[PDB]
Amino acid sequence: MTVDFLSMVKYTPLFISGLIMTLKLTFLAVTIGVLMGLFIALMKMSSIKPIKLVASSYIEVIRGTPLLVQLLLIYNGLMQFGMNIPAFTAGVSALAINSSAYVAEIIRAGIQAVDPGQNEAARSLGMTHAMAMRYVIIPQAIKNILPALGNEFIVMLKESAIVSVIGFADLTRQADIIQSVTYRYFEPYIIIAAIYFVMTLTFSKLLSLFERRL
């Protein structure tokens, strides 16, 4: 028809449900993506030439490849093997995976970021690569990484709206659900977009405010 937002008010429980779904999806996908990513990083630092090459290729592949295709590849691609994984787990796996590569590059970058001088001071005082890393470099690379991570999570939120297409009851899916009973697409989107926005701002507020502390 023509615009009516006031009619949209009754559907709040849906949106709130959608949001809580987007949160629960991302919080878990990042959490996994992180732990996965720390692991992939360590592989690229390994002296063993094979392991570093795999982690290098793994990282190079995921980053150079669409999240969507990674989503569909797990969900649709895995069916013909008698696999029926829920939309939820597909999205988490897809995200924790896309997540993992970028987390593995943030780690590496936060280390290379600490001044090469710090290392030289440490080695030149007799400390071994091990010790230098533990007591000097790492404690300092951490302050490099946490900002880029929290900022990744913030990105993963926008990201996660794509698993809507797999029929997951996330914030983006609620527009389909709503319009089915209202024939309205516009208003439920503007609302959802506005919700994504406020989520972005807020985390960005807390992300930069936590950053100014370090």
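Just count from 1 along the sequence shown to find any residue number.
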| property | result |
| --- | --- |
| 115-123 versus 93-101 - which carries the larger mean C-alpha B factor in the record | 93-101 |
| 51-59 set against 176-184, stretch whose average Cα temperature factor tops the other in the entry | 51-59 |
| Per the PDB entry, maximal CA B factor within 166, 67, 148, 42 | 42 |
| Within-chain third of residue 84 by Cα B-factor, per the entry | highest |
| Lowest, middle or highest third - CA B-factor, residue 110 | middle |
| CA B-factor ranking of residue 194, expressed as a third of its chain | lowest |
| Position of residue 74 among the chain's modelled residues by C-alpha B-factor, lowest, middle or highest third | middle |
| CA B-factor placement of residue 156, once the chain's modelled residues are sorted into thirds | highest |
